[PDB]
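Worksheet: the structure to be examined is printed underneath.
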Amino acid sequence: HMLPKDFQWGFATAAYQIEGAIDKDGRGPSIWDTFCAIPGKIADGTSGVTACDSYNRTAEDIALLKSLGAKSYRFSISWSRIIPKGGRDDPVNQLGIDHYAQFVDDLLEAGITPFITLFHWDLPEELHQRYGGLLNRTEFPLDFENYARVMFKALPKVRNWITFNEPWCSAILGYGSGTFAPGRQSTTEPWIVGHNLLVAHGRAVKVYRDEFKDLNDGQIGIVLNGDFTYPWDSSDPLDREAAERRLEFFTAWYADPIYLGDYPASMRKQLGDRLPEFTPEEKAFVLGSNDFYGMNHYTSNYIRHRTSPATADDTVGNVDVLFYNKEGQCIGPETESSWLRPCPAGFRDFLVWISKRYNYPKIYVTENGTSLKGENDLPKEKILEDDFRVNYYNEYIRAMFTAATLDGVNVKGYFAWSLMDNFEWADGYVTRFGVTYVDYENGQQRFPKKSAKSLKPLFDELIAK
C-alpha cells in the first residue's frame, strides 16, 4: 500500500506555452512563432509572445514549485534559444544556454529534479525553410542529434532527458490535419515525419549513452501520448480489434520500433508504401533506444470500426473515436476539451497495456491533467476552486497507484499538466489546463488553485517514507 520512496512527482510545462520573451537574448523564431501569425490557426487569435513570462520569472516559478512541494519539474528547452537557426552548422547562443544552466542550478539548489524535454514542437523556423524541417529524412536527425549533444554538454548536472514530446502531434496534427505547426495537410507526409522523429530520437539517445550517460548515471527516453480505448460494441469482434488497432496507430507507431524493432503490423497493412522502412543504420539507432518510457495520458474513448475501407487521409486507423458506446454508456463528464473526458480506469489500463506489450519498462507519466468546461468564463476565486480538477487528479493518481502496487507497473514518476494555465496551442488561452491560475489581465499573477495544493497530501499518502 505504498509507492517507492524515490518516486518522483511534480509538474510539467513546455517552453512556448509559458516562457514568452520570444525576441529576447537572441532567440530565433520557431515554426509556432510563424504558425500563430497565420489568421484563423489560433482560436482566440493569440500566441506565446508573453504567455506566463516564465523566461523572466524563473525565481518565482521555482518558488511556486516549492510551495506546492514538487520533487521534480518537467520543462522543455526552446531549441531556437540555444541555436537560433537550429542547424549543426549555425552559431550557438550562449545567453540561451546560460538561461537554462542557471535555471537548472536554481532548481538543484532547491532540491527539485529537472526533467528536460529537448523538443516540444518549437522547431527553429530556419530549419523548416532550409531543407523542409521535420519532413527531411537526412538533415533533421543530424541537426537534432547535434542539438542534443550541445545540450548534453551544456547541462552536465541534468540526469533526466527527454528527446521528443508527442511526435504523434508533430506528425498527424502538423502534417495531416494541419491544425498544428507547420500546418501542412497531407496523406503521406505524417508517416514520413513520424519516421524522421524516430531516427532523430535514436541518434540523440546513442550520443547520450556513449558520451554523457555514464558521467552521472542518467537516463533518456521519448514521450508518447495516447488515450486508451474500449469497444463501442464489445459483442462485435471488429470493435475489439478496432480498439486495439487504434492504440497501435496512436502509440505503438513509435514504441514498437523502439522496443520490437519495427512498425506495428496493422499500420503496414493499411498504409503500405506510405509507411517508410527502417534502413539497417536507422533501425540500429531506433531499436532499444529507450532507457525509460515517457507517457502522456489524458482520457479514453469508445472505438467503433468503420464499415467503409480506410481513406487516404485517415490517421486514426479507420475507426470512429466516440464518447458513448452502443448501450448509451458515457466515458465521463464534459470538459473544456471536446476530446478530453475523464476516465481514471483508462489510465491504469493504458499503463498495463504498455507494460504487457513492452516487457514492463520503467515508465514516467510525463503529462496528466484536465481542462474544465467554462472555467475561463467565471470569477477569479471561483477559478481557484476546481473540484472537478481535484477529483480528476485524485482518481487518476489512485488509479496509477493501483497499477503500480497491484499489477506491478514500473511507474517511477508522475507529472501533472500543467503547473499553471498557459497557451494551449490552437485553442489559445481559452482552454485552461493549469493547477495554478494565471492572471493575464493583470501581468500573469500566479494564484494556485485548490487542485495545486491537493497534490502534496495525496502523494504524501501514496509514497513510502
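Cβ placement follows ideal geometry from the backbone for every residue including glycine, while neighbour counts extend to all protein chains displayed. What follows draws every value from the coordinates through simple rules; no lab data is involved.
Rounded if a/c is under 1.5, else prolate if a/b beats b/c, else oblate: with a ≥ b ≥ c from the C-alpha gyration tensor eigenvalues square-rooted, which is the stretch 197-280?
Oblate is the answer for the stretch 197-280, as a/c is 1.5 or above yet b/c matches or exceeds a/b.
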Show which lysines lie in cross-link reach of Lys453 when reach means a straight Cα distance below 27 angstrom and same-chain residues fewer than eight apart are skipped. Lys5, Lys66, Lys71, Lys373, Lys380, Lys382, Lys412, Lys465
Could you tell me which residue out of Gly443, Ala37, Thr13 lies farthest along the dipole of the chain toward its positive end? Charges go on the beta carbon: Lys and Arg +1, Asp and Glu -1, centred on the Cα centre. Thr13
Percent relative contact order of the stretch 49-105, based on C-alpha pairs within less than 8 angstrom and at least six residues apart? 21 percent
Given axes a ≥ b ≥ c from the Cα gyration tensor, I'd like to know whether the chain is rounded (a/c under 1.5), prolate (a/b larger than b/c) or oblate. rounded
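Using a 10 Å cut-off around each Cβ, can you sort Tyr147, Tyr55 from fewest to most neighbouring Cβ atoms?
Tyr55, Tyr147
If each DSSP helix of 4+ residues adds -39,500 (n - 2.57) and the sum is divided by the residues in the chain, what number results at 222 nm, nearest 500 deg cm²/dmol?
Roughly -10500 deg cm²/dmol at 222 nm, from the helical runs in the chain.
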Counting only DSSP beta bridges fully inside the chain, the antiparallel percentage to nearest 5 is 25 percent
What is the fewest-to-most order of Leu419, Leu455 by other Cβ atoms lying within 10 Å of their Cβ? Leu455, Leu419
Check: C-alpha center the stretch 162-216 vs C-alpha center the stretch 383-415, spacing in Å is 28 Å
Tell me, how many Å apart are the Cα centres for the stretch 417-459 and for the stretch 223-259? 31 Å
Quick one: length gained pulling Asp89 to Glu395 fully straight, 0.36 nm per residue minus the C-alpha distance? 105.3 nm
FRET efficiency estimate (nearest 0.05) - Cβ-Cβ, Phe447 to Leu287, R0 51 angstrom: 0.60
By counting other Cβ atoms within 10 Å of each Cβ, how are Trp339, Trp232 ranked from fewest to most? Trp339, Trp232
When the Karplus curve 6.51 cos²θ - 1.76 cosθ + 1.60 is applied with θ = phi - 60°, which whole-Hz ³J(HN,Hα) does each residue of the stretch 288-300 get, with x for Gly and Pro? x, 8, 10, 6, 9, 9, x, 10, 9, 9, 9, 8, 9
Global form of the stretch 393-465, assessed from the alpha-carbon gyration tensor, a/c cut-off 1.5: prolate
Dipole magnitude of the chain about its Cα centre, charges +1 at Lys/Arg Cβ and -1 at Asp/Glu Cβ only, in debye to the nearest 20? 860 debye
Could you derive backbone 3J(HN,Hα) for the stretch 130-138 from the dihedral phi with the Karplus parameters 6.51, -1.76 and 1.60 (θ = phi - 60°), listing whole Hz in sequence and x where the residue is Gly or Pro? 6, 9, x, x, 4, 6, 9, 5, 9
Exceeding the 20 Å Cα-Cα cut-off - candidates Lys24/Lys85; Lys356/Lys456; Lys85/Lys283: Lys356/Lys456; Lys85/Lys283
